[PDB]
Structure formats: C-alpha cells, structure tokens
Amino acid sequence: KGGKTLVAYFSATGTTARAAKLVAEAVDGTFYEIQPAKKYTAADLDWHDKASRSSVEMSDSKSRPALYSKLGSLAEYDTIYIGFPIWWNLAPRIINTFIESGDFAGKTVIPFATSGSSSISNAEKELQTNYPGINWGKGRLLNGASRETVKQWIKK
C-alpha cells in the first residue's frame, strides 16, 4: 500500500494553498496542509515591522514554529511535494519544523512555492544544504498558478 504521493503545503493567505490543490490534482496525490499551532495573523505577517512574528522567525535560522498536531506516518509515500510562500527569499520556518517532524528517508522531495516576485532558488538551495540526506527533486516557482501551468510542470 506504498508508492503514493503526498502534496504538503503551508499557506498563510491562500495563494500557495490554491497552487497546491492544482499540484495534488495533477499528480493524484494526497492533499495535506502543514498547520501551525498558532495561525499567522495580519500583524504576524507584517513584513515591514522588524518585531512582527514573521520578521523575528525569518531573522533566526534555528526558529521552529510548532505544528498544530503531531505528524502521522509518511511510510506510504515515496514522493512528497512541499509547497510554501517565499518569505524573505527563504522557506517559512514551519517548513523546517515539518521536515524535522517526520522520516523523509527513501523519498523524493520536491519543493514548490509562490512569491511576490522572488525566485525559489535560494529557498530551495537552503533546504537542500540543511537536509542533505533527502533525495531532493528540482523545485518550481508556481506564480499565477493555473491547471495549465501546473499540467506543463508535471507532464514535462
């Protein structure tokens, strides 16, 4: 009952959630939301305020926002897509909490993201460098995500 695909994603304002729905449909994967214990408020997401929760977390590479629930088994999956918004050219720190809360061995892991304009390159490189034991697959920025842009990425 293995060899399945998981599409895991974090989304604060729904943009990455909609791109992840399109990815899950395109790969016939299980749609899974990475849930913070404390949801990000408008004040938390204030990029201009150096004291906002997101500003503090993104200034600290060791920050690990807690998850809402413990992670279930990932044994049934051989492929895991991980989606997120780009925050300050990086994956939000909850993505580090997620990766550090399960066993990703023997799995292909593919990052995808949405952004205001930044590329996924730095965010992806930092994930590869911090988790060199994972079989990273080439990631993709999915801005203005549609059934057609996602179909093209998956069909190659």
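Numbering starts at 1 and runs along the sequence shown.
Taking the mean C-alpha B-factor of each stretch as recorded, 67-75 and 82-90 are not equal, and the higher mean is that of 67-75.
According to the PDB record, 141-149 carries the higher mean C-alpha B-factor of the two stretches 8-16 and 141-149. Taking the PDB entry at face value, the top CA B factor among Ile110, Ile34, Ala43, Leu127 belongs to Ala43. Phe98: CA B factor in the lowest third of modelled residues in this chain (values from the PDB entry). Sort the modelled residues of the chain by CA B factor and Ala51 lands in the highest third.
Annotation for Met58: C-alpha temperature factor in the middle third relative to the rest of the modelled chain, per the entry.
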